[PDB]
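Asker: I'd like to ask some things about the structure below.
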Amino acid sequence: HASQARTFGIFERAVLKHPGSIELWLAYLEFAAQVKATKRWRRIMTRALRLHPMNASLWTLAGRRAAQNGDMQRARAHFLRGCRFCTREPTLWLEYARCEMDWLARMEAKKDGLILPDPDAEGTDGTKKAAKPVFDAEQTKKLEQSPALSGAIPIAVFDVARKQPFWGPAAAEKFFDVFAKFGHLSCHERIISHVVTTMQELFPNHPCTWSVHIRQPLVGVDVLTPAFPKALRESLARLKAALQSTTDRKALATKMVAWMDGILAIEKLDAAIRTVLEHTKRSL
């Protein structure tokens, strides 16, 4: 028990020496969480977010804790507040989308020390510290009434993210990636399609859009299932077409090599498939 005290002192004097260090805060929070000091955890969270309001890691940590405790209401609450704050970096938005798909995963399976930064706070000159709320009152109501297994919310998160400063092809591809797991859910097809299309419409020839376009056919699929080789052939067709397009070949080749490495990583992959993929990679 005395060790709790000692360690706490270590962290405390540590973040006092250097409050800029986010990692210290994170590490301290983890320690507090493991010794089940929840009150202290809330207080440390309040202090860290107070002085690091735009750090995604903190916000995600909070929202994800509320969801793991079981109420998706606060989860959503924290994440939305935070997204008003965290707006120069995709991170918090990606993590909210993820948290949301995770909830769908649980729904398909079934079938106070904490003070968060006020978004409606003004600075010295009148400027708001946080962007306007992510969803209008009307909009939130339409999403609440929306069917749970529709996946209307993560899509909504994606579309509103489109209005944020961090919006670009790279951010979009990160959403595709968040969503590209969760292949086992009904909504993912519609969602992924939305994302790839959108990217195609807005960033027509970007190596990222090409990325998601090549990678798209293999999202629902597993091996072995006859759908996998067909999809692989489709994917490869997309890849050839990509290498012949007027596009950054270097960036594309990098992403695509990583992708194939990921594929070759899998166990019980067909021999001829391994060979042809390796040749295809060696080409890059």
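Ordering of the structure tokens sets the chain letters (A, B, ...); residue numbers start at 1 within each chain; ligands are numbered from 1 in the order shown.
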Need to verify the contact set: residue 90 (chain A), 9 Å, only C-alpha atoms, exclusion of same-chain residues closer than 6 positions in sequence. Can you return it as a CSV table (one decimal) with N, CA and C atoms, in the first residue's frame?

Answerer:
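Writing done, so here's around-v9.csv:
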chain,number,residue,atom,x,y,z
A,56,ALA,N,-5.8,14.0,-28.1
A,56,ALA,CA,-6.8,12.9,-28.5
A,56,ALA,C,-6.7,11.7,-27.5
A,161,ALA,N,-16.6,15.0,-40.4
A,161,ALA,CA,-15.1,15.1,-40.3
A,161,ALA,C,-14.7,15.8,-41.6
A,164,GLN,N,-13.9,19.3,-41.1
A,164,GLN,CA,-12.9,19.7,-40.1
A,164,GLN,C,-11.5,20.0,-40.8
A,166,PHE,N,-8.6,19.0,-40.4
A,166,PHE,CA,-7.7,17.8,-40.7
A,166,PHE,C,-8.1,17.1,-41.9
A,167,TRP,N,-9.3,17.4,-42.5
A,167,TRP,CA,-9.8,16.6,-43.6
A,167,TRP,C,-8.8,16.7,-44.8
A,171,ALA,N,-6.4,11.5,-44.0
A,171,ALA,CA,-7.4,11.3,-43.0
A,171,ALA,C,-8.5,10.3,-43.5
A,172,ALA,N,-8.9,10.5,-44.7
A,172,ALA,CA,-10.0,9.7,-45.2
A,172,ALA,C,-9.5,8.2,-45.3
A,174,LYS,N,-7.3,6.9,-43.4
A,174,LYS,CA,-7.3,6.4,-42.0
A,174,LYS,C,-8.7,5.9,-41.5
A,175,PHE,N,-9.8,6.6,-41.9
A,175,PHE,CA,-11.1,6.2,-41.7
A,175,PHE,C,-11.4,4.8,-42.4

Asker: Which distance in Å separates CA of residue 97 (chain A) and CA of residue 178 (chain A), to one decimal?

Answerer: 7.5 Å

Asker: Which residues are near region 213-216 of chain A? Cut-off 10 Å, only C-alpha atoms, ignore same chain within fewer than 5 positions. Put them as an mmCIF file with N, CA and C atoms, in the first residue's frame.

Answerer:
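File selection_20.cif, as written:
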data_model
loop_
_atom_site.group_PDB
_atom_site.id
_atom_site.type_symbol
_atom_site.label_atom_id
_atom_site.label_comp_id
_atom_site.auth_asym_id
_atom_site.auth_seq_id
_atom_site.Cartn_x
_atom_site.Cartn_y
_atom_site.Cartn_z
ATOM 1 N N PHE A 176 -10.934 4.739 -43.622
ATOM 2 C CA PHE A 176 -11.128 3.490 -44.365
ATOM 3 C C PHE A 176 -10.500 2.374 -43.596
ATOM 4 N N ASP A 177 -9.336 2.649 -43.031
ATOM 5 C CA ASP A 177 -8.596 1.675 -42.237
ATOM 6 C C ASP A 177 -9.282 1.273 -40.941
ATOM 7 N N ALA A 180 -12.051 -0.849 -42.023
ATOM 8 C CA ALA A 180 -11.624 -1.985 -42.817
ATOM 9 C C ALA A 180 -11.386 -3.212 -41.959
ATOM 10 N N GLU A 189 -20.132 -2.961 -45.485
ATOM 11 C CA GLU A 189 -20.084 -2.835 -46.929
ATOM 12 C C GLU A 189 -20.512 -1.443 -47.310
ATOM 13 N N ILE A 192 -17.839 1.227 -46.068
ATOM 14 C CA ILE A 192 -16.603 1.215 -46.826
ATOM 15 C C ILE A 192 -16.836 1.797 -48.206
ATOM 16 N N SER A 193 -17.973 1.430 -48.792
ATOM 17 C CA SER A 193 -18.326 1.906 -50.124
ATOM 18 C C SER A 193 -18.441 3.407 -50.136
ATOM 19 N N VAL A 195 -17.037 5.536 -48.069
ATOM 20 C CA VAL A 195 -15.697 6.076 -47.850
ATOM 21 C C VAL A 195 -14.843 6.065 -49.112
ATOM 22 N N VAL A 196 -14.799 4.918 -49.787
ATOM 23 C CA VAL A 196 -14.041 4.799 -51.032
ATOM 24 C C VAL A 196 -14.623 5.727 -52.094
ATOM 25 N N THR A 197 -15.938 5.709 -52.273
ATOM 26 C CA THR A 197 -16.556 6.604 -53.230
ATOM 27 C C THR A 197 -16.199 8.053 -52.983
ATOM 28 N N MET A 199 -13.841 9.354 -51.330
ATOM 29 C CA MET A 199 -12.443 9.620 -51.597
ATOM 30 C C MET A 199 -12.256 9.781 -53.115
ATOM 31 N N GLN A 200 -12.882 8.894 -53.877
ATOM 32 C CA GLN A 200 -12.789 8.944 -55.309
ATOM 33 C C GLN A 200 -13.341 10.196 -55.913
ATOM 34 N N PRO A 207 -2.762 8.700 -54.418
ATOM 35 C CA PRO A 207 -2.303 7.352 -54.076
ATOM 36 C C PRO A 207 -3.077 6.742 -52.899
ATOM 37 N N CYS A 208 -3.654 7.579 -52.050
ATOM 38 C CA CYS A 208 -4.479 7.109 -50.948
ATOM 39 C C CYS A 208 -5.815 6.542 -51.457
ATOM 40 N N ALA A 231 -11.553 -11.979 -55.245
ATOM 41 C CA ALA A 231 -11.290 -10.639 -54.719
ATOM 42 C C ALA A 231 -9.842 -10.231 -54.867
ATOM 43 N N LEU A 232 -8.948 -11.187 -54.693
ATOM 44 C CA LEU A 232 -7.546 -10.912 -54.850
ATOM 45 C C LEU A 232 -7.293 -10.519 -56.293
ATOM 46 N N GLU A 234 -9.391 -9.244 -58.397
ATOM 47 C CA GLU A 234 -9.958 -7.906 -58.568
ATOM 48 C C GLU A 234 -9.023 -6.824 -58.024
ATOM 49 N N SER A 235 -8.540 -7.058 -56.814
ATOM 50 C CA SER A 235 -7.644 -6.141 -56.147
ATOM 51 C C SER A 235 -6.412 -5.894 -56.972
ATOM 52 N N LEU A 236 -5.902 -6.964 -57.563
ATOM 53 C CA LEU A 236 -4.664 -6.902 -58.337
ATOM 54 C C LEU A 236 -4.899 -6.167 -59.645
ATOM 55 N N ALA A 237 -6.086 -6.363 -60.213
ATOM 56 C CA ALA A 237 -6.504 -5.632 -61.395
ATOM 57 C C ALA A 237 -6.519 -4.129 -61.119
ATOM 58 N N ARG A 238 -6.976 -3.796 -59.917
ATOM 59 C CA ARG A 238 -7.065 -2.412 -59.518
ATOM 60 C C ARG A 238 -5.636 -1.922 -59.389
ATOM 61 N N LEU A 239 -4.765 -2.789 -58.885
ATOM 62 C CA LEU A 239 -3.389 -2.393 -58.649
ATOM 63 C C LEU A 239 -2.633 -2.122 -59.936
ATOM 64 N N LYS A 240 -2.847 -2.968 -60.942
ATOM 65 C CA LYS A 240 -2.213 -2.781 -62.235
ATOM 66 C C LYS A 240 -2.679 -1.464 -62.821
ATOM 67 N N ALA A 241 -3.992 -1.254 -62.749
ATOM 68 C CA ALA A 241 -4.568 -0.014 -63.259
ATOM 69 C C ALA A 241 -4.012 1.192 -62.533
ATOM 70 N N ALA A 242 -3.635 0.999 -61.273
ATOM 71 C CA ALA A 242 -3.111 2.086 -60.466
ATOM 72 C C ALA A 242 -1.705 2.422 -60.875
ATOM 73 N N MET A 256 1.206 -0.084 -50.951
ATOM 74 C CA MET A 256 0.849 -1.383 -51.524
ATOM 75 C C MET A 256 1.774 -2.511 -51.098
ATOM 76 N N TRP A 259 0.746 -3.406 -47.728
ATOM 77 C CA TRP A 259 -0.485 -4.174 -47.818
ATOM 78 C C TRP A 259 -0.189 -5.651 -48.140
ATOM 79 N N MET A 260 0.640 -5.884 -49.156
ATOM 80 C CA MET A 260 0.967 -7.248 -49.547
ATOM 81 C C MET A 260 1.741 -7.978 -48.490
#

Asker: Closest to residue 23 (chain A) among A:48, A:36, A:72, A:223, using only C-alpha atoms?

Answerer: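 Ranking A:48, A:36, A:72, A:223 by distance to residue 23 (chain A), first place goes to A:48.
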
Asker: What is the distance, in Å and to one decimal place, between CA of residue 281 (chain A) and CA of residue 245 (chain A)?

Answerer: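 Distance between the two atoms: 17.8 Å.
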
Asker: If DSSP is run on the backbone, what residues of region 49-256 of chain A are helix (DSSP H, G or I)? A reply as a short mmCIF file (atom, residue, chain, number, x, y, z; two decimals) with C-alpha atoms, in the first residue's frame would be ideal.

Answerer:
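Generated file (part_16.cif):
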data_model
loop_
_atom_site.label_atom_id
_atom_site.label_comp_id
_atom_site.auth_asym_id
_atom_site.auth_seq_id
_atom_site.Cartn_x
_atom_site.Cartn_y
_atom_site.Cartn_z
CA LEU A 49 -7.18 17.52 -20.07
CA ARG A 50 -7.24 20.94 -18.55
CA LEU A 51 -3.77 21.57 -19.60
CA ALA A 56 -6.76 12.92 -28.46
CA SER A 57 -5.20 10.23 -26.33
CA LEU A 58 -6.74 11.73 -23.21
CA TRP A 59 -10.20 12.20 -24.62
CA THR A 60 -10.25 8.72 -26.20
CA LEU A 61 -9.10 7.32 -22.89
CA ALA A 62 -12.05 8.88 -21.11
CA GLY A 63 -14.71 8.05 -23.71
CA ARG A 64 -13.46 4.51 -24.10
CA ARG A 65 -13.48 4.08 -20.29
CA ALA A 66 -17.10 5.20 -20.11
CA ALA A 67 -18.03 2.80 -22.87
CA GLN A 68 -16.17 -0.04 -21.21
CA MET A 72 -22.44 4.45 -24.50
CA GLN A 73 -24.21 7.73 -23.60
CA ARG A 74 -21.25 9.21 -21.75
CA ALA A 75 -18.89 7.56 -24.21
CA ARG A 76 -20.53 9.44 -27.03
CA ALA A 77 -20.71 12.50 -24.78
CA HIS A 78 -16.95 12.67 -24.17
CA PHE A 79 -16.06 11.88 -27.71
CA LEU A 80 -18.29 14.64 -29.09
CA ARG A 81 -16.95 17.21 -26.64
CA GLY A 82 -13.46 16.21 -27.53
CA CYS A 83 -14.11 16.34 -31.26
CA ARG A 84 -15.13 19.94 -30.72
CA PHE A 85 -11.65 20.35 -29.27
CA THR A 91 -7.00 10.91 -34.19
CA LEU A 92 -9.95 11.61 -31.88
CA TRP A 93 -12.47 11.26 -34.76
CA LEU A 94 -11.00 7.94 -35.88
CA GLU A 95 -11.21 6.71 -32.30
CA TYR A 96 -14.83 7.80 -31.97
CA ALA A 97 -15.71 6.03 -35.22
CA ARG A 98 -13.95 2.97 -33.89
CA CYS A 99 -15.72 3.12 -30.57
CA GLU A 100 -18.97 3.37 -32.46
CA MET A 101 -18.30 0.32 -34.70
CA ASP A 102 -17.27 -1.50 -31.53
CA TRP A 103 -20.64 -0.82 -30.01
CA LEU A 104 -22.26 -2.23 -33.16
CA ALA A 105 -20.09 -5.26 -32.74
CA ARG A 106 -21.52 -5.75 -29.20
CA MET A 107 -25.10 -5.11 -30.38
CA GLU A 108 -24.70 -7.70 -33.15
CA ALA A 109 -23.18 -10.13 -30.63
CA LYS A 110 -26.20 -9.73 -28.37
CA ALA A 137 -29.75 19.06 -31.98
CA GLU A 138 -31.96 18.02 -34.85
CA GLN A 139 -29.17 16.00 -36.35
CA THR A 140 -28.44 14.16 -33.08
CA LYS A 141 -32.15 13.37 -32.73
CA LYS A 142 -32.27 11.92 -36.28
CA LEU A 143 -29.24 9.76 -35.49
CA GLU A 144 -30.75 8.54 -32.19
CA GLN A 145 -33.99 7.51 -33.87
CA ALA A 148 -28.72 0.71 -34.46
CA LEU A 149 -27.42 -1.78 -37.00
CA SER A 150 -27.56 0.77 -39.79
CA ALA A 152 -25.59 5.76 -39.68
CA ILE A 153 -23.51 7.29 -36.89
CA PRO A 154 -19.99 6.29 -38.03
CA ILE A 155 -20.94 7.44 -41.50
CA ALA A 156 -22.14 10.71 -39.97
CA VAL A 157 -18.85 11.05 -38.12
CA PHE A 158 -17.07 10.56 -41.41
CA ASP A 159 -19.17 13.19 -43.26
CA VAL A 160 -18.81 15.85 -40.55
CA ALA A 161 -15.13 15.10 -40.34
CA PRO A 169 -6.95 12.20 -48.45
CA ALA A 170 -4.68 10.81 -45.68
CA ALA A 171 -7.38 11.30 -43.00
CA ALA A 172 -9.96 9.67 -45.25
CA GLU A 173 -7.71 6.69 -45.77
CA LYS A 174 -7.31 6.42 -41.99
CA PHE A 175 -11.13 6.16 -41.66
CA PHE A 176 -11.13 3.49 -44.37
CA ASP A 177 -8.60 1.67 -42.24
CA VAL A 178 -10.57 2.01 -38.99
CA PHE A 179 -13.59 0.62 -40.83
CA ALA A 180 -11.62 -1.99 -42.82
CA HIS A 188 -19.40 -2.33 -43.24
CA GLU A 189 -20.08 -2.84 -46.93
CA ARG A 190 -22.23 0.25 -47.22
CA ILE A 191 -19.78 2.19 -44.99
CA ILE A 192 -16.60 1.22 -46.83
CA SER A 193 -18.33 1.91 -50.12
CA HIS A 194 -19.27 5.35 -48.89
CA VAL A 195 -15.70 6.08 -47.85
CA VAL A 196 -14.04 4.80 -51.03
CA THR A 197 -16.56 6.60 -53.23
CA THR A 198 -16.15 9.83 -51.33
CA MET A 199 -12.44 9.62 -51.60
CA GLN A 200 -12.79 8.94 -55.31
CA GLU A 201 -15.06 11.90 -55.77
CA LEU A 202 -12.93 14.37 -53.85
CA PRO A 207 -2.30 7.35 -54.08
CA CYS A 208 -4.48 7.11 -50.95
CA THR A 209 -7.71 6.82 -52.96
CA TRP A 210 -5.99 4.28 -55.10
CA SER A 211 -4.98 2.51 -51.91
CA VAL A 212 -8.46 2.17 -50.61
CA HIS A 213 -9.69 1.25 -54.07
CA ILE A 214 -7.19 -1.66 -54.40
CA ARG A 215 -7.75 -2.79 -50.87
CA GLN A 216 -11.55 -2.54 -50.93
CA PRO A 217 -12.48 -5.95 -52.38
CA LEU A 218 -10.84 -7.94 -49.60
CA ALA A 227 -14.49 -15.37 -52.59
CA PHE A 228 -10.89 -14.62 -51.54
CA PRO A 229 -9.08 -15.56 -54.70
CA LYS A 230 -11.67 -13.77 -56.84
CA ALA A 231 -11.29 -10.64 -54.72
CA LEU A 232 -7.55 -10.91 -54.85
CA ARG A 233 -7.68 -10.96 -58.65
CA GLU A 234 -9.96 -7.91 -58.57
CA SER A 235 -7.64 -6.14 -56.15
CA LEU A 236 -4.66 -6.90 -58.34
CA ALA A 237 -6.50 -5.63 -61.39
CA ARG A 238 -7.06 -2.41 -59.52
CA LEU A 239 -3.39 -2.39 -58.65
CA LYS A 240 -2.21 -2.78 -62.23
CA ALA A 241 -4.57 -0.01 -63.26
CA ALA A 242 -3.11 2.09 -60.47
CA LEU A 243 0.47 1.58 -61.52
CA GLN A 244 -0.41 2.59 -65.06
CA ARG A 249 4.03 5.69 -58.10
CA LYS A 250 6.41 5.89 -55.14
CA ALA A 251 3.78 6.57 -52.44
CA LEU A 252 1.43 4.03 -53.94
CA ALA A 253 4.15 1.41 -54.11
CA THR A 254 4.98 2.00 -50.47
CA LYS A 255 1.42 1.61 -49.25
CA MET A 256 0.85 -1.38 -51.52
#

Asker: Go ahead and compute the interatomic distance for CA of residue 25 (chain A) and CA of residue 118 (chain A), in Å to one decimal.

Answerer: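 Straight-line distance from CA of residue 25 (chain A) to CA of residue 118 (chain A) works out to 20.1 Å.
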